[PDB]
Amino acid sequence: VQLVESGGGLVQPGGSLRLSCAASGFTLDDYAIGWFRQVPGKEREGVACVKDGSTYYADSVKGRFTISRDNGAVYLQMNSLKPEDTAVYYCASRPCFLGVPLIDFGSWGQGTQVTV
């Protein structure tokens, strides 16, 4: 897959991280992009997504996370991190709707690990 995650790591509660979603050969501006979370033992959950004219967040992360476009990438700024935010984070081009449901095409890459 072409969309690659970076920026994961270890922080303390209250802490901060910025994840990046990018492709080496093209801009992600043209695409709807979502950030999804998967904690061990479950399945991927919508965190935040962007499309033309709309941004949506999971209730869990409202007012704490921010998704945005810059540099032909899509970033997830994670603030006031809680231990409940610990997971592997994945980005993908997927539809963007209220509540960030995952409507999956099924192709994912390595993701990036976040530990609070």
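Note that residue numbering follows the sequence shown and begins at 1.
Note on 31-39 vs 58-66: mean CA B-factor is higher in 58-66. For the pair 42-50 and 87-95, the mean Cα B-factor is higher in 42-50. Remark: of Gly25, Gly106, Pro101, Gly14, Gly14 shows the highest value [criterion: C-alpha B-factor in the PDB entry]. Among all modelled residues in this chain, the alpha-carbon of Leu76 has a temperature factor (C-alpha) in the middle third. Per the deposited record, the Cα B-factor of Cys21 falls in the lowest third when ranked against the other modelled residues of its chain.
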